[PDB]
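Student: I'm passing along data.txt; it holds compact mmCIF, N, CA and C atoms and all ligand atoms.
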# COMPACT_ATOMS: atom_id res chain seq x y z
N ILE A 6 103.59 86.52 75.46
CA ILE A 6 103.60 86.20 76.92
C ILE A 6 103.36 87.42 77.81
N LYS A 7 103.91 88.57 77.41
CA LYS A 7 103.81 89.78 78.23
C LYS A 7 102.38 90.32 78.29
N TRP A 8 102.03 90.91 79.43
CA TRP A 8 100.69 91.45 79.65
C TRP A 8 100.70 92.98 79.67
N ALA A 9 99.76 93.57 78.94
CA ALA A 9 99.62 95.02 78.87
C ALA A 9 98.83 95.54 80.06
N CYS A 10 99.34 96.59 80.70
CA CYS A 10 98.67 97.21 81.83
C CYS A 10 97.39 97.89 81.37
N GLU A 11 96.31 97.74 82.13
CA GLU A 11 95.03 98.33 81.77
C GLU A 11 95.07 99.86 81.82
N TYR A 12 95.89 100.41 82.71
CA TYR A 12 95.91 101.84 82.96
C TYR A 12 96.89 102.58 82.04
N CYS A 13 98.18 102.24 82.14
CA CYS A 13 99.23 102.95 81.38
C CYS A 13 99.68 102.23 80.10
N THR A 14 99.16 101.03 79.86
CA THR A 14 99.40 100.27 78.61
C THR A 14 100.82 99.71 78.45
N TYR A 15 101.59 99.70 79.54
CA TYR A 15 102.98 99.21 79.52
C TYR A 15 102.99 97.68 79.60
N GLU A 16 103.84 97.05 78.79
CA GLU A 16 103.87 95.59 78.69
C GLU A 16 104.83 94.96 79.70
N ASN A 17 104.27 94.28 80.69
CA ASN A 17 105.04 93.66 81.77
C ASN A 17 105.26 92.16 81.57
N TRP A 18 106.20 91.61 82.33
CA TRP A 18 106.51 90.19 82.26
C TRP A 18 105.43 89.35 82.95
N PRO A 19 105.30 88.07 82.54
CA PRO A 19 104.36 87.14 83.20
C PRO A 19 104.61 86.98 84.71
N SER A 20 105.88 86.98 85.12
CA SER A 20 106.24 86.78 86.52
C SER A 20 105.79 87.92 87.42
N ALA A 21 105.62 89.11 86.85
CA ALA A 21 105.24 90.30 87.61
C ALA A 21 103.77 90.28 88.02
N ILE A 22 103.49 90.78 89.22
CA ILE A 22 102.12 90.91 89.73
C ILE A 22 101.70 92.38 89.88
N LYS A 23 102.54 93.29 89.39
CA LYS A 23 102.22 94.71 89.36
C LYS A 23 102.94 95.37 88.19
N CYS A 24 102.36 96.44 87.66
CA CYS A 24 102.96 97.16 86.54
C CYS A 24 104.25 97.83 86.98
N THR A 25 105.30 97.68 86.18
CA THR A 25 106.60 98.27 86.50
C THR A 25 106.56 99.80 86.51
N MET A 26 105.72 100.38 85.66
CA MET A 26 105.68 101.84 85.51
C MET A 26 104.67 102.52 86.43
N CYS A 27 103.43 102.02 86.47
CA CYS A 27 102.37 102.64 87.27
C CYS A 27 102.07 101.90 88.58
N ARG A 28 102.65 100.72 88.76
CA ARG A 28 102.47 99.90 89.97
C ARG A 28 101.01 99.56 90.28
N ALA A 29 100.18 99.43 89.25
CA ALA A 29 98.81 98.97 89.42
C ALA A 29 98.81 97.45 89.53
N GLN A 30 97.88 96.89 90.30
CA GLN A 30 97.79 95.44 90.46
C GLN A 30 97.34 94.78 89.16
N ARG A 31 97.93 93.63 88.85
CA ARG A 31 97.61 92.89 87.63
C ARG A 31 96.19 92.33 87.71
N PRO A 32 95.46 92.31 86.58
CA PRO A 32 94.11 91.73 86.59
C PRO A 32 94.12 90.21 86.78
N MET B 1 110.90 94.97 101.49
CA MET B 1 112.24 94.82 102.15
C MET B 1 113.21 95.90 101.66
N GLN B 2 114.49 95.75 101.97
CA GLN B 2 115.50 96.75 101.63
C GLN B 2 116.73 96.06 101.07
N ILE B 3 117.23 96.56 99.95
CA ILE B 3 118.41 95.99 99.30
C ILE B 3 119.35 97.08 98.81
N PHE B 4 120.59 96.70 98.51
CA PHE B 4 121.62 97.65 98.11
C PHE B 4 122.16 97.34 96.72
N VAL B 5 122.45 98.40 95.96
CA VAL B 5 123.02 98.27 94.62
C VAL B 5 124.34 99.04 94.57
N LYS B 6 125.44 98.30 94.40
CA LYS B 6 126.76 98.90 94.36
C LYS B 6 127.17 99.22 92.93
N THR B 7 127.45 100.49 92.67
CA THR B 7 127.88 100.95 91.35
C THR B 7 129.36 100.68 91.16
N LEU B 8 129.82 100.85 89.92
CA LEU B 8 131.23 100.66 89.60
C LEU B 8 132.07 101.83 90.13
N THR B 9 131.44 102.98 90.30
CA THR B 9 132.12 104.13 90.81
C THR B 9 132.47 103.99 92.27
N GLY B 10 131.66 103.23 92.99
CA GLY B 10 131.82 103.04 94.44
C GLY B 10 130.54 103.36 95.19
N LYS B 11 129.68 104.18 94.58
CA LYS B 11 128.40 104.58 95.16
C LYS B 11 127.51 103.38 95.48
N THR B 12 126.78 103.46 96.59
CA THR B 12 125.89 102.40 97.03
C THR B 12 124.46 102.93 97.13
N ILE B 13 123.60 102.46 96.23
CA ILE B 13 122.20 102.87 96.22
C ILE B 13 121.44 101.93 97.14
N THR B 14 120.45 102.46 97.85
CA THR B 14 119.56 101.65 98.68
C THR B 14 118.16 101.65 98.08
N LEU B 15 117.62 100.47 97.79
CA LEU B 15 116.30 100.34 97.19
C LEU B 15 115.33 99.64 98.13
N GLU B 16 114.12 100.17 98.22
CA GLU B 16 113.02 99.48 98.88
C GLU B 16 112.28 98.69 97.81
N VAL B 17 112.32 97.37 97.93
CA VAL B 17 111.67 96.47 96.98
C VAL B 17 110.97 95.34 97.73
N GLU B 18 109.96 94.75 97.10
CA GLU B 18 109.34 93.52 97.62
C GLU B 18 109.90 92.33 96.84
N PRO B 19 109.92 91.14 97.47
CA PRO B 19 110.48 89.96 96.80
C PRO B 19 109.71 89.50 95.55
N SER B 20 108.46 89.92 95.41
CA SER B 20 107.67 89.63 94.21
C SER B 20 108.14 90.42 92.98
N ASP B 21 108.85 91.53 93.21
CA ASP B 21 109.30 92.42 92.13
C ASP B 21 110.24 91.73 91.15
N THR B 22 110.07 92.03 89.86
CA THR B 22 110.95 91.50 88.82
C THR B 22 112.23 92.31 88.77
N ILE B 23 113.26 91.74 88.16
CA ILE B 23 114.53 92.43 88.01
C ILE B 23 114.36 93.69 87.16
N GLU B 24 113.56 93.57 86.10
CA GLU B 24 113.11 94.72 85.31
C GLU B 24 112.58 95.83 86.21
N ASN B 25 111.69 95.46 87.13
CA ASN B 25 111.12 96.40 88.08
C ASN B 25 112.20 97.05 88.95
N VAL B 26 113.18 96.26 89.39
CA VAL B 26 114.31 96.80 90.16
C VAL B 26 115.07 97.83 89.33
N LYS B 27 115.30 97.54 88.06
CA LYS B 27 115.99 98.47 87.17
C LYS B 27 115.22 99.78 87.02
N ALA B 28 113.89 99.70 87.03
CA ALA B 28 113.06 100.90 86.98
C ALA B 28 113.25 101.74 88.24
N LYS B 29 113.38 101.08 89.39
CA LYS B 29 113.64 101.78 90.64
C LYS B 29 115.04 102.42 90.65
N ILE B 30 116.00 101.75 90.02
CA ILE B 30 117.35 102.31 89.87
C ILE B 30 117.32 103.54 88.95
N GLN B 31 116.48 103.51 87.92
CA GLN B 31 116.29 104.66 87.04
C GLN B 31 115.76 105.86 87.83
N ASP B 32 114.81 105.60 88.73
CA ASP B 32 114.22 106.66 89.57
C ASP B 32 115.28 107.41 90.37
N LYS B 33 116.23 106.67 90.94
CA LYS B 33 117.24 107.26 91.82
C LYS B 33 118.47 107.77 91.07
N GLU B 34 118.94 107.01 90.09
CA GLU B 34 120.23 107.27 89.46
C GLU B 34 120.15 107.81 88.03
N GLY B 35 118.96 107.85 87.44
CA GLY B 35 118.78 108.41 86.10
C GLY B 35 119.35 107.61 84.94
N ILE B 36 119.88 106.41 85.21
CA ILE B 36 120.32 105.51 84.15
C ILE B 36 119.12 104.68 83.69
N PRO B 37 118.91 104.56 82.37
CA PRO B 37 117.76 103.81 81.88
C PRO B 37 118.00 102.30 81.93
N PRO B 38 116.93 101.49 82.02
CA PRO B 38 117.06 100.04 82.24
C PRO B 38 117.76 99.26 81.12
N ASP B 39 117.66 99.72 79.88
CA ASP B 39 118.34 99.06 78.76
C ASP B 39 119.85 98.99 78.97
N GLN B 40 120.41 100.00 79.63
CA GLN B 40 121.85 100.05 79.92
C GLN B 40 122.22 99.28 81.19
N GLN B 41 121.27 99.11 82.11
CA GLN B 41 121.55 98.46 83.38
C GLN B 41 121.79 96.96 83.23
N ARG B 42 122.80 96.47 83.94
CA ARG B 42 123.07 95.04 84.06
C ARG B 42 123.31 94.74 85.53
N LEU B 43 122.46 93.90 86.12
CA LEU B 43 122.53 93.60 87.54
C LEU B 43 123.17 92.24 87.78
N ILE B 44 124.19 92.22 88.64
CA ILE B 44 124.97 91.02 88.91
C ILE B 44 124.86 90.64 90.38
N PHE B 45 124.38 89.43 90.64
CA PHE B 45 124.30 88.89 91.99
C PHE B 45 124.82 87.45 91.99
N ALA B 46 125.66 87.13 92.97
CA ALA B 46 126.28 85.81 93.09
C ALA B 46 127.05 85.44 91.83
N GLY B 47 127.74 86.41 91.25
CA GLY B 47 128.62 86.16 90.10
C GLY B 47 127.94 85.94 88.77
N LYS B 48 126.61 85.85 88.78
CA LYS B 48 125.81 85.63 87.57
C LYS B 48 125.06 86.91 87.22
N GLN B 49 124.52 86.97 86.01
CA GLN B 49 123.62 88.06 85.60
C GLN B 49 122.18 87.67 85.90
N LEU B 50 121.36 88.65 86.25
CA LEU B 50 119.96 88.41 86.61
C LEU B 50 119.02 88.80 85.48
N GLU B 51 118.15 87.88 85.09
CA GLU B 51 117.22 88.11 83.98
C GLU B 51 116.10 89.06 84.38
N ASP B 52 115.76 89.97 83.47
CA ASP B 52 114.70 90.96 83.69
C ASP B 52 113.36 90.31 84.04
N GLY B 53 113.08 89.16 83.44
CA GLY B 53 111.79 88.48 83.62
C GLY B 53 111.57 87.78 84.94
N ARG B 54 112.64 87.44 85.65
CA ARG B 54 112.54 86.69 86.90
C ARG B 54 112.40 87.62 88.11
N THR B 55 111.85 87.08 89.20
CA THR B 55 111.67 87.84 90.45
C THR B 55 112.90 87.75 91.36
N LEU B 56 112.92 88.58 92.40
CA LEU B 56 113.96 88.53 93.41
C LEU B 56 113.83 87.27 94.26
N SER B 57 112.61 86.75 94.37
CA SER B 57 112.36 85.50 95.07
C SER B 57 112.96 84.30 94.32
N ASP B 58 112.88 84.32 92.99
CA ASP B 58 113.44 83.24 92.17
C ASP B 58 114.94 83.07 92.38
N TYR B 59 115.65 84.18 92.58
CA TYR B 59 117.11 84.16 92.75
C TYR B 59 117.57 84.04 94.22
N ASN B 60 116.63 83.97 95.16
CA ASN B 60 116.93 83.91 96.60
C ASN B 60 117.64 85.17 97.12
N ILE B 61 117.28 86.33 96.56
CA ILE B 61 117.78 87.62 97.03
C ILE B 61 116.88 88.07 98.17
N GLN B 62 117.48 88.32 99.33
CA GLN B 62 116.74 88.59 100.56
C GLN B 62 117.05 89.97 101.12
N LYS B 63 116.41 90.29 102.25
CA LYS B 63 116.68 91.51 103.02
C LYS B 63 118.19 91.80 103.11
N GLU B 64 118.55 93.06 102.87
CA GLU B 64 119.93 93.55 103.02
C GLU B 64 120.92 93.01 101.98
N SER B 65 120.42 92.37 100.93
CA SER B 65 121.30 91.80 99.90
C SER B 65 121.87 92.89 99.02
N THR B 66 123.01 92.60 98.41
CA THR B 66 123.74 93.58 97.62
C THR B 66 123.89 93.10 96.18
N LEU B 67 123.42 93.91 95.24
CA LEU B 67 123.54 93.62 93.81
C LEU B 67 124.56 94.58 93.19
N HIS B 68 125.24 94.13 92.13
CA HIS B 68 126.22 94.96 91.43
C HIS B 68 125.69 95.48 90.09
N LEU B 69 125.66 96.80 89.94
CA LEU B 69 125.20 97.43 88.71
C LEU B 69 126.36 97.64 87.73
N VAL B 70 126.14 97.24 86.48
CA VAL B 70 127.10 97.45 85.40
C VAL B 70 126.33 98.06 84.23
N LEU B 71 127.01 98.90 83.44
CA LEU B 71 126.35 99.67 82.37
C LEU B 71 126.76 99.25 80.95
N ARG B 72 125.77 99.17 80.07
CA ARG B 72 125.94 98.84 78.64
C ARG B 72 126.51 97.45 78.30
N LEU B 73 126.86 96.65 79.31
CA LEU B 73 127.29 95.25 79.10
C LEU B 73 128.46 95.09 78.13
ZN ZN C 1 100.71 100.44 84.18
Would you mind writing the structure in this file as structure tokens?
Tutor:
Amino acid sequence: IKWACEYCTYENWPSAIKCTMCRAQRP
Amino acid sequence: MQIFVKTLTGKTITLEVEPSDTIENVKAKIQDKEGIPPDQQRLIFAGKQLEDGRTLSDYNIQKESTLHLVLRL
């Protein structure tokens, strides 16, 4: 279910619309 | 928006967060200010525990709301 950030590769929750670590917008 | 996190010691942290932010994300912001890592953080609002996967909007946490931080559960 979790999505990997394109930039920092951190795995975020489905509910999130931005990376928790780098705060990049979700694709 | 702006919210407050009350520690067990008595300290009150102030966080700038948006309602779209996940509880996990809030814990990351608490790590930034207080140096405690998210695995140890437990956030309590309205007498219940808040899941890392859900947003602040899901729990009806609004401007000026106060959450309680607990460590290691
Ligand atoms: Zn990232």
Student: Given a cut-off of 6.5 Å, which residues of chain A touch chain B, counting only N, CA and C atoms, written out as a ChimeraX atom specification?
Tutor: /A:18,20-22,25
Student: Within 7 Å of (123.2, 88.6, 93.7) in the file's own coordinates, which protein, DNA or RNA residues have an atom, counting only N, CA and C atoms? List them as an NGL selection string.
Tutor: :B and (43-48 or 61 or 65-68)
Student: So what do you get for CA of residue 24 (chain A) versus CA of residue 5 (chain B), distance-wise?
Tutor: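 Pair CA of residue 24 (chain A) / CA of residue 5 (chain B) returns 21.7 Å.
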Student: Could you list, as a VMD selection string, all residues that come within 8 Å of ligand ZN 1 (chain C)? Count all atoms listed in the file.
Tutor: chain A and resid 9 to 17 23 to 30
Student: Which residues are near residue 19 (chain A)? Cut-off 6 Å, all atoms listed in the file, ignore same chain within fewer than 5 positions. Put them as a list in words.
Tutor: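 Using all atoms listed in the file, the neighbours found are residues 6, 7 and 8 of chain A.
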Student: Mind pulling up the distance from CA of residue 69 (chain B) to atom C of residue 35 (chain B)?
Tutor: 12.3 Å
Student: What is the distance, in Å and to one decimal place, between CA of residue 4 (chain B) and CA of residue 38 (chain B)?
Tutor: 16.7 Å
Student: Write down as an NGL selection string the residues of chain B whose backbone DSSP state falls under strand (DSSP E).
Tutor: :B and (2-6 or 12-16 or 41-45 or 48-49 or 66-71)
Student: So which one's closest to residue 34 (chain B), B:1, B:50, B:71, B:13? Using only C-alpha atoms, please.
Tutor: B:13
Student: From the DSSP assignment of the backbone, select every residue of chain B that is helix (DSSP H, G or I), and format the answer as a list in words.
Tutor: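 Answer for chain B restricted to helix (DSSP H, G or I) is residues 23, 24, 25, 26, 27, 28, 29, 30, 31, 32, 33 and 34 of chain B.
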Student: Build an axis-aligned box that encloses every atom of region 13-28 of chain A listed in the file, pad it by 5 Å on each side, and report its centre and edge lengths in Å to one decimal, as lines of an AutoDock Vina configuration file.
Tutor:
center_x = 102.4
center_y = 94.9
center_z = 84.4
size_x = 18.4
size_y = 26.2
size_z = 21.8
Student: Restore N, CA, C and O atoms in region 15-28 of chain A and list the result as a PDB file, in the frame of the given file.
Tutor:
ATOM      1  N   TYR A  15     101.590  99.700  79.540  1.00  0.00           N
ATOM      2  CA  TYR A  15     102.980  99.210  79.520  1.00  0.00           C
ATOM      3  C   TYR A  15     102.990  97.680  79.600  1.00  0.00           C
ATOM      4  O   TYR A  15     102.255  97.091  80.389  1.00  0.00           O
ATOM      5  N   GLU A  16     103.840  97.050  78.790  1.00  0.00           N
ATOM      6  CA  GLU A  16     103.870  95.590  78.690  1.00  0.00           C
ATOM      7  C   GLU A  16     104.830  94.960  79.700  1.00  0.00           C
ATOM      8  O   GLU A  16     106.056  95.091  79.567  1.00  0.00           O
ATOM      9  N   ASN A  17     104.270  94.280  80.690  1.00  0.00           N
ATOM     10  CA  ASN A  17     105.040  93.660  81.770  1.00  0.00           C
ATOM     11  C   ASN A  17     105.260  92.160  81.570  1.00  0.00           C
ATOM     12  O   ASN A  17     104.579  91.525  80.773  1.00  0.00           O
ATOM     13  N   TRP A  18     106.200  91.610  82.330  1.00  0.00           N
ATOM     14  CA  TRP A  18     106.510  90.190  82.260  1.00  0.00           C
ATOM     15  C   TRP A  18     105.430  89.350  82.950  1.00  0.00           C
ATOM     16  O   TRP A  18     104.729  89.845  83.831  1.00  0.00           O
ATOM     17  N   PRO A  19     105.300  88.070  82.540  1.00  0.00           N
ATOM     18  CA  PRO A  19     104.360  87.140  83.200  1.00  0.00           C
ATOM     19  C   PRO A  19     104.610  86.980  84.710  1.00  0.00           C
ATOM     20  O   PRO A  19     103.655  86.864  85.475  1.00  0.00           O
ATOM     21  N   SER A  20     105.880  86.980  85.120  1.00  0.00           N
ATOM     22  CA  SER A  20     106.240  86.780  86.520  1.00  0.00           C
ATOM     23  C   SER A  20     105.790  87.920  87.420  1.00  0.00           C
ATOM     24  O   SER A  20     105.602  87.724  88.625  1.00  0.00           O
ATOM     25  N   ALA A  21     105.620  89.110  86.850  1.00  0.00           N
ATOM     26  CA  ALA A  21     105.240  90.300  87.610  1.00  0.00           C
ATOM     27  C   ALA A  21     103.770  90.280  88.020  1.00  0.00           C
ATOM     28  O   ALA A  21     102.921  89.827  87.251  1.00  0.00           O
ATOM     29  N   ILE A  22     103.490  90.780  89.220  1.00  0.00           N
ATOM     30  CA  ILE A  22     102.120  90.910  89.730  1.00  0.00           C
ATOM     31  C   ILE A  22     101.700  92.380  89.880  1.00  0.00           C
ATOM     32  O   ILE A  22     100.643  92.669  90.445  1.00  0.00           O
ATOM     33  N   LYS A  23     102.540  93.290  89.390  1.00  0.00           N
ATOM     34  CA  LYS A  23     102.220  94.710  89.360  1.00  0.00           C
ATOM     35  C   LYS A  23     102.940  95.370  88.190  1.00  0.00           C
ATOM     36  O   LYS A  23     104.007  94.900  87.771  1.00  0.00           O
ATOM     37  N   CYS A  24     102.360  96.440  87.660  1.00  0.00           N
ATOM     38  CA  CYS A  24     102.960  97.160  86.540  1.00  0.00           C
ATOM     39  C   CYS A  24     104.250  97.830  86.980  1.00  0.00           C
ATOM     40  O   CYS A  24     104.304  98.453  88.032  1.00  0.00           O
ATOM     41  N   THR A  25     105.300  97.680  86.180  1.00  0.00           N
ATOM     42  CA  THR A  25     106.600  98.270  86.500  1.00  0.00           C
ATOM     43  C   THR A  25     106.560  99.800  86.510  1.00  0.00           C
ATOM     44  O   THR A  25     107.267 100.430  87.293  1.00  0.00           O
ATOM     45  N   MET A  26     105.720 100.380  85.660  1.00  0.00           N
ATOM     46  CA  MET A  26     105.680 101.840  85.510  1.00  0.00           C
ATOM     47  C   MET A  26     104.670 102.520  86.430  1.00  0.00           C
ATOM     48  O   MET A  26     105.006 103.498  87.103  1.00  0.00           O
ATOM     49  N   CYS A  27     103.430 102.020  86.470  1.00  0.00           N
ATOM     50  CA  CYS A  27     102.370 102.640  87.270  1.00  0.00           C
ATOM     51  C   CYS A  27     102.070 101.900  88.580  1.00  0.00           C
ATOM     52  O   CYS A  27     101.315 102.414  89.410  1.00  0.00           O
ATOM     53  N   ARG A  28     102.650 100.720  88.760  1.00  0.00           N
ATOM     54  CA  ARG A  28     102.470  99.900  89.970  1.00  0.00           C
ATOM     55  C   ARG A  28     101.010  99.560  90.280  1.00  0.00           C
ATOM     56  O   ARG A  28     100.641  99.405  91.448  1.00  0.00           O
TER      57      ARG A  28
END
